[PDB]
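Listing of coords-v5.tsv; format and content: TSV, N, CA and C atoms.
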chain	number	residue	atom	x	y	z
K	1	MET	N	0.82	-1.25	0.00
K	1	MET	CA	0.00	0.00	0.00
K	1	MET	C	0.86	1.31	0.00
K	2	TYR	N	1.81	1.46	0.94
K	2	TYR	CA	2.67	2.67	1.03
K	2	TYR	C	4.05	2.46	0.34
K	3	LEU	N	4.43	3.46	-0.46
K	3	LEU	CA	5.80	3.66	-0.96
K	3	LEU	C	6.70	4.38	0.10
K	4	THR	N	7.97	3.97	0.23
K	4	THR	CA	8.95	4.65	1.15
K	4	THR	C	9.46	6.02	0.58
K	5	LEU	N	9.82	7.00	1.44
K	5	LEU	CA	10.49	8.28	1.00
K	5	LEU	C	11.68	8.14	-0.02
K	6	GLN	N	12.61	7.20	0.24
K	6	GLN	CA	13.65	6.79	-0.74
K	6	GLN	C	13.15	6.24	-2.11
K	7	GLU	N	12.16	5.33	-2.12
K	7	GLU	CA	11.48	4.90	-3.38
K	7	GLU	C	10.57	5.98	-4.06
K	8	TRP	N	9.93	6.90	-3.30
K	8	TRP	CA	9.32	8.15	-3.85
K	8	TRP	C	10.35	9.09	-4.58
K	9	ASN	N	11.48	9.47	-3.94
K	9	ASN	CA	12.62	10.15	-4.64
K	9	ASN	C	13.15	9.41	-5.92
K	10	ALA	N	13.46	8.10	-5.85
K	10	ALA	CA	13.78	7.27	-7.05
K	10	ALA	C	12.73	7.22	-8.21
K	11	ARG	N	11.42	7.19	-7.91
K	11	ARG	CA	10.33	7.39	-8.93
K	11	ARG	C	10.09	8.85	-9.44
K	12	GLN	N	10.44	9.92	-8.70
K	12	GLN	CA	10.44	11.30	-9.24
K	12	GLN	C	11.53	11.51	-10.34
K	13	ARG	N	11.09	11.93	-11.54
K	13	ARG	CA	11.93	12.07	-12.76
K	13	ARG	C	13.32	12.79	-12.59
K	14	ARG	N	14.41	12.00	-12.75
K	14	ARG	CA	15.80	12.41	-12.39
K	14	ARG	C	15.99	12.55	-10.83
K	15	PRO	N	16.34	11.50	-10.02
K	15	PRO	CA	16.42	11.62	-8.54
K	15	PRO	C	17.60	12.50	-8.04
K	16	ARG	N	17.29	13.51	-7.21
K	16	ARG	CA	18.27	14.56	-6.81
K	16	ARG	C	18.91	14.24	-5.43
K	17	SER	N	18.20	14.41	-4.30
K	17	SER	CA	18.69	13.96	-2.96
K	17	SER	C	17.51	13.68	-1.97
K	18	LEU	N	17.78	12.83	-0.97
K	18	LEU	CA	16.84	12.61	0.18
K	18	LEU	C	16.62	13.87	1.09
K	19	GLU	N	17.66	14.69	1.35
K	19	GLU	CA	17.48	16.06	1.92
K	19	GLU	C	16.67	17.08	1.05
K	20	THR	N	16.78	17.06	-0.30
K	20	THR	CA	15.88	17.82	-1.22
K	20	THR	C	14.36	17.45	-1.07
K	21	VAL	N	14.00	16.15	-1.14
K	21	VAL	CA	12.63	15.66	-0.80
K	21	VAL	C	12.17	15.96	0.68
K	22	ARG	N	13.04	15.78	1.70
K	22	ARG	CA	12.74	16.24	3.09
K	22	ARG	C	12.54	17.79	3.25
K	23	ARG	N	13.32	18.65	2.54
K	23	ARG	CA	12.98	20.09	2.36
K	23	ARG	C	11.61	20.38	1.66
K	24	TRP	N	11.25	19.67	0.57
K	24	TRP	CA	9.87	19.71	-0.03
K	24	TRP	C	8.69	19.33	0.93
K	25	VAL	N	8.87	18.32	1.81
K	25	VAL	CA	7.95	18.05	2.97
K	25	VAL	C	7.89	19.24	4.00
K	26	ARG	N	9.04	19.80	4.44
K	26	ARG	CA	9.08	21.07	5.24
K	26	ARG	C	8.45	22.35	4.58
K	27	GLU	N	8.56	22.55	3.26
K	27	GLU	CA	7.71	23.53	2.51
K	27	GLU	C	6.17	23.22	2.43
K	28	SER	N	5.72	21.97	2.65
K	28	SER	CA	4.30	21.53	2.47
K	28	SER	C	3.71	21.70	1.03
K	29	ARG	N	4.44	21.21	0.01
K	29	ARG	CA	3.95	21.16	-1.40
K	29	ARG	C	3.79	19.71	-1.98
K	30	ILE	N	3.44	18.68	-1.18
K	30	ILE	CA	3.17	17.29	-1.68
K	30	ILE	C	1.80	16.84	-1.07
K	31	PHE	N	0.85	16.38	-1.91
K	31	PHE	CA	-0.53	16.04	-1.47
K	31	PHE	C	-1.08	14.71	-2.11
K	32	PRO	N	-1.80	13.78	-1.39
K	32	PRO	CA	-2.03	13.84	0.08
K	32	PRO	C	-0.76	13.64	0.99
K	33	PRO	N	-0.68	14.19	2.24
K	33	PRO	CA	0.58	14.19	3.04
K	33	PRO	C	1.04	12.78	3.55
K	34	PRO	N	2.37	12.45	3.64
K	34	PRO	CA	2.83	11.10	4.07
K	34	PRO	C	2.64	10.78	5.59
K	35	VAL	N	2.45	9.48	5.89
K	35	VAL	CA	2.23	8.99	7.28
K	35	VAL	C	3.61	8.82	7.99
K	36	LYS	N	3.84	9.51	9.12
K	36	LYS	CA	5.02	9.25	9.99
K	36	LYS	C	4.83	7.92	10.79
K	37	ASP	N	5.53	6.85	10.37
K	37	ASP	CA	5.56	5.57	11.13
K	37	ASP	C	6.49	5.55	12.40
K	38	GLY	N	7.63	6.26	12.38
K	38	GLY	CA	8.64	6.21	13.47
K	38	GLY	C	10.09	6.36	12.97
K	39	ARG	N	10.53	5.41	12.12
K	39	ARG	CA	11.86	5.49	11.44
K	39	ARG	C	11.90	6.47	10.22
K	40	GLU	N	10.97	6.35	9.24
K	40	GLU	CA	10.88	7.26	8.07
K	40	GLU	C	9.39	7.47	7.63
K	41	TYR	N	9.13	8.56	6.88
K	41	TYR	CA	7.78	8.87	6.31
K	41	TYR	C	7.33	7.89	5.16
K	42	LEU	N	6.06	7.45	5.25
K	42	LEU	CA	5.42	6.54	4.28
K	42	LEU	C	4.48	7.33	3.33
K	43	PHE	N	4.86	7.44	2.05
K	43	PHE	CA	4.05	8.12	1.00
K	43	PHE	C	3.08	7.09	0.36
K	44	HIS	N	1.81	7.43	0.08
K	44	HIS	CA	0.94	6.53	-0.74
K	44	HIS	C	1.33	6.58	-2.25
K	45	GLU	N	1.20	5.45	-2.98
K	45	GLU	CA	1.45	5.39	-4.46
K	45	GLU	C	0.41	6.17	-5.35
K	46	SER	N	0.48	7.50	-5.24
K	46	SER	CA	-0.56	8.49	-5.66
K	46	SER	C	-0.18	9.95	-5.22
K	47	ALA	N	0.42	10.16	-4.02
K	47	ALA	CA	0.90	11.48	-3.54
K	47	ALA	C	1.94	12.17	-4.47
K	48	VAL	N	1.61	13.39	-4.92
K	48	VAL	CA	2.42	14.13	-5.94
K	48	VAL	C	2.56	15.64	-5.53
K	49	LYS	N	3.48	16.37	-6.19
K	49	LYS	CA	3.69	17.82	-5.92
K	49	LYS	C	2.43	18.70	-6.26
K	50	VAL	N	1.93	19.46	-5.28
K	50	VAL	CA	0.71	20.31	-5.44
K	50	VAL	C	1.11	21.81	-5.67
K	51	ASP	N	0.65	22.41	-6.79
K	51	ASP	CA	0.95	23.83	-7.16
K	51	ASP	C	2.47	24.23	-7.19
K	52	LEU	N	3.26	23.53	-8.02
K	52	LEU	CA	4.73	23.70	-8.12
K	52	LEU	C	5.19	24.65	-9.28
K	53	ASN	N	6.31	25.37	-9.07
K	53	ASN	CA	6.93	26.21	-10.14
K	53	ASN	C	8.07	25.43	-10.88
K	54	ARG	N	7.69	24.47	-11.75
K	54	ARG	CA	8.65	23.70	-12.58
K	54	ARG	C	7.90	23.07	-13.81
K	55	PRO	N	7.64	23.77	-14.96
K	55	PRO	CA	6.95	23.16	-16.13
K	55	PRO	C	7.88	22.20	-16.97
K	56	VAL	N	8.84	22.75	-17.73
K	56	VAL	CA	9.88	21.96	-18.45
K	56	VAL	C	11.18	22.84	-18.59
K	57	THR	N	12.36	22.21	-18.50
K	57	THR	CA	13.67	22.92	-18.71
K	57	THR	C	13.95	23.46	-20.16
K	58	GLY	N	13.55	22.73	-21.22
K	58	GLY	CA	13.69	23.21	-22.63
K	58	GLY	C	14.90	22.61	-23.37
K	59	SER	N	14.70	21.48	-24.08
K	59	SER	CA	15.79	20.79	-24.82
K	59	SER	C	15.41	20.58	-26.32
K	60	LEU	N	15.96	21.42	-27.22
K	60	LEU	CA	15.86	21.20	-28.69
K	60	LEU	C	17.02	20.29	-29.23
K	61	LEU	N	16.73	19.46	-30.25
K	61	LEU	CA	17.76	18.67	-30.98
K	61	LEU	C	17.49	18.72	-32.51
K	62	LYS	N	18.49	19.11	-33.33
K	62	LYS	CA	18.36	19.16	-34.81
K	62	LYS	C	19.66	18.66	-35.52
K	63	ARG	N	19.50	17.87	-36.60
K	63	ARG	CA	20.63	17.43	-37.46
K	63	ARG	C	20.87	18.36	-38.70
K	64	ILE	N	22.08	18.29	-39.30
K	64	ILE	CA	22.35	18.84	-40.66
K	64	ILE	C	22.88	17.67	-41.57
K	65	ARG	N	22.15	17.31	-42.66
K	65	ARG	CA	22.58	16.23	-43.60
K	65	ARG	C	22.96	16.80	-45.00
K	66	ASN	N	24.09	16.33	-45.55
K	66	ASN	CA	24.64	16.81	-46.85
K	66	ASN	C	24.02	16.10	-48.11
K	67	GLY	N	24.24	16.69	-49.30
K	67	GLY	CA	23.85	16.08	-50.60
K	67	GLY	C	25.04	15.73	-51.53
K	68	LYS	N	24.75	15.50	-52.83
K	68	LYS	CA	25.79	15.06	-53.82
K	68	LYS	C	25.35	15.44	-55.27
K	69	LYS	N	26.24	16.09	-56.05
K	69	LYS	CA	25.98	16.44	-57.48
K	69	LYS	C	26.70	15.46	-58.46
K	70	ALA	N	25.92	14.78	-59.32
K	70	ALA	CA	26.44	13.93	-60.43
K	70	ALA	C	26.27	14.59	-61.83
K	71	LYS	N	27.21	14.32	-62.76
K	71	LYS	CA	27.21	14.91	-64.13
K	71	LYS	C	27.40	13.79	-65.20
K	72	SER	N	26.40	13.58	-66.08
K	72	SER	CA	26.45	12.57	-67.18
K	72	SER	C	26.55	11.10	-66.68
Starting from the coordinates I provided, produce the structure as structure tokens.
Amino acid sequence: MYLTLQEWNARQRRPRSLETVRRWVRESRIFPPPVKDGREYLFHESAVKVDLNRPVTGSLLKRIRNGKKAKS
């Protein structure tokens, strides 16, 4: 039923740090909130960032391909 704080960080796209996710809990921007068991916080497989300032970083990729001229 519950995902661990370490497995929640590993499932968030590009995992940064366990202190970064613990700072996001101290800001109160993850909903619904995780259950404190005693050793570490238990997140449900559904709890996500609520009203965040991060849409997309912006990555373009383009190639250049050459041609060839033949005569007779």
inquiry  = I'd like the interatomic distance between CA of residue 56 in chain K and atom N of residue 6 in chain K, to a tenth of an Å.
reply    = 24.0 Å
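Non-sequential neighbours of range 32-39 of chain K (distance at most 10 Å, separation of 2 or more positions within a chain, only C-alpha atoms) are residues 2, 3, 4, 5, 25, 28, 29, 30, 41, 42, 43, 44, 46, 47, 48, 49 and 50 of chain K.
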message = What's the separation between CA of residue 54 in chain K and atom N of residue 21 in chain K, in Å to one decimal place?
response = 14.7 Å
note = Atom pair atom C of residue 8 in chain K + atom C of residue 22 in chain K, distance 11.9 Å
If DSSP is run on the backbone, what residues of chain K are helix (DSSP H, G or I)? A reply as a compact mmCIF listing (two decimals) with N, CA and C atoms, in the frame of the given file would be ideal.
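Written file, result27.txt:
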# COMPACT_ATOMS: atom_id res chain seq x y z
N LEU K 5 9.82 7.00 1.44
CA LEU K 5 10.49 8.28 1.00
C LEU K 5 11.68 8.14 -0.02
N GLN K 6 12.61 7.20 0.24
CA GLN K 6 13.65 6.79 -0.74
C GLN K 6 13.15 6.24 -2.11
N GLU K 7 12.16 5.33 -2.12
CA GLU K 7 11.48 4.90 -3.38
C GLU K 7 10.57 5.98 -4.06
N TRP K 8 9.93 6.90 -3.30
CA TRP K 8 9.32 8.15 -3.85
C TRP K 8 10.35 9.09 -4.58
N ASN K 9 11.48 9.47 -3.94
CA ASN K 9 12.62 10.15 -4.64
C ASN K 9 13.15 9.41 -5.92
N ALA K 10 13.46 8.10 -5.85
CA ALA K 10 13.78 7.27 -7.05
C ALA K 10 12.73 7.22 -8.21
N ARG K 11 11.42 7.19 -7.91
CA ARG K 11 10.33 7.39 -8.93
C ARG K 11 10.09 8.85 -9.44
N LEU K 18 17.78 12.83 -0.97
CA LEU K 18 16.84 12.61 0.18
C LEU K 18 16.62 13.87 1.09
N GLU K 19 17.66 14.69 1.35
CA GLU K 19 17.48 16.06 1.92
C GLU K 19 16.67 17.08 1.05
N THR K 20 16.78 17.06 -0.30
CA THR K 20 15.88 17.82 -1.22
C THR K 20 14.36 17.45 -1.07
N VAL K 21 14.00 16.15 -1.14
CA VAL K 21 12.63 15.66 -0.80
C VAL K 21 12.17 15.96 0.68
N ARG K 22 13.04 15.78 1.70
CA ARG K 22 12.74 16.24 3.09
C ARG K 22 12.54 17.79 3.25
N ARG K 23 13.32 18.65 2.54
CA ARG K 23 12.98 20.09 2.36
C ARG K 23 11.61 20.38 1.66
N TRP K 24 11.25 19.67 0.57
CA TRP K 24 9.87 19.71 -0.03
C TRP K 24 8.69 19.33 0.93
N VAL K 25 8.87 18.32 1.81
CA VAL K 25 7.95 18.05 2.97
C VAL K 25 7.89 19.24 4.00
N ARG K 26 9.04 19.80 4.44
CA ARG K 26 9.08 21.07 5.24
C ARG K 26 8.45 22.35 4.58
N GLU K 27 8.56 22.55 3.26
CA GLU K 27 7.71 23.53 2.51
C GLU K 27 6.17 23.22 2.43
message = Just checking: using only C-alpha atoms, which residue out of K:7, K:51, K:40, K:45 ends up closest to residue 27 in chain K?
response = K:51
ask   = DSSP on the backbone: what in chain K comes out strand (DSSP E), as a ChimeraX atom specification?
value = /K:2-4,30-31,35-36,41-44,48-49
